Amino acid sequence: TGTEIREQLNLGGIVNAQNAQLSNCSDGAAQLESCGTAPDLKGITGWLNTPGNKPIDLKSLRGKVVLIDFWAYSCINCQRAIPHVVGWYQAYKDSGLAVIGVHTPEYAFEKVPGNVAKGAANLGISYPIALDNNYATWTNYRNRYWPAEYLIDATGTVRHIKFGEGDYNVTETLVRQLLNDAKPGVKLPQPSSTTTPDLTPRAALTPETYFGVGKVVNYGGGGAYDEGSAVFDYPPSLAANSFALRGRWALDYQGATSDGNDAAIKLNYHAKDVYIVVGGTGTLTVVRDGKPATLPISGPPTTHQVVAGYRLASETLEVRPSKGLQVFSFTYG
């Protein structure tokens, strides 16, 4: 619980000497604001896309505009947003913009450097990536969500903080301004938003559907939802925007593992697109509106799309994962 002025930053964690002024910025403001020296990138466990994979200290980037992009490679929101950041990096890197993709993992499998690499590569990320496997940077920045952005001017001052997915032109407008502030008279190409479509969904999709025992919020099958292995069935009626389980499942704090050959997930969802975050090796059989699809699942746990709909609508879904597949979440678009 809390109180809130609309458009206010709802900052995570606690204030320290480094990040005490962040709250002087509001959330995704259209004009530059001033909210303190950027906090250190603390406790980064590893770096990609830098020479020798050596760290970057923010102070080495004074004189440059710095964009801090919090992301996780299996987050569908981040996947939708990152082509914009890529866009910006490619348009402005030679004009004074530096970008650091702070990868703070949502799931334990996102801690694996190799998996982050493959993710960044799928997304065409060539800017420095800081692996924040211990949330040290996330905490120090008082972040609360994926995606999130902190825009730092040539002075090392945070001027713009944006939580959540969307409003790219607002941020890019400010990026262009700060690049001029750093180098007055700088000539910039047309905005990257010219050739990068905004594919942000209407913000009324089914909320992120966690299967983890400590994050689940829309398990609608009744009975307990505790960690360990048990047998489940679908309830007489499943609520909207909710899931139920059938067959035997092993639950834990990462997600729900298929522990039998009859295992199934029923999902009522409100979205255009639906993704499952699943790991392991095996087969996903998905049934929607009497139409079945079969997806081979293997390698790095990530998002696999299971519905490519025509519009935002309420629908029902069934997914049948072969034994040993581990389901982390449903996410939406």
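Each residue number is its position in the shown sequence, starting from 1.
Higher mean CA temperature factor between 136-144 and 224-232: 224-232, per the PDB entry. Taking only CA atoms, the mean B-factor in the PDB entry is higher for 214-222 than for the other of 214-222 and 122-130. Residue-level inspection of the entry shows that, of 49, 60, 26, 303, 303 has the top Cα B-factor. Of the candidates 198, 149, 252, 153, the PDB record gives 252 the highest C-alpha temperature factor. Sorting the modelled residues of the chain by their CA temperature factor places residue 194 in the highest third. In the PDB entry, a CA B factor belonging to the lowest third of its chain's modelled residues is recorded for residue 267.
Among the modelled residues of the chain, residue 69 sits in the lowest third by CA temperature factor in this PDB entry.
The PDB entry assigns residue 329 a C-alpha temperature factor belonging to the middle third of its chain's modelled residues. Among the modelled residues of its chain, residue 172 has a C-alpha B-factor that falls in the lowest third according to the deposited record.
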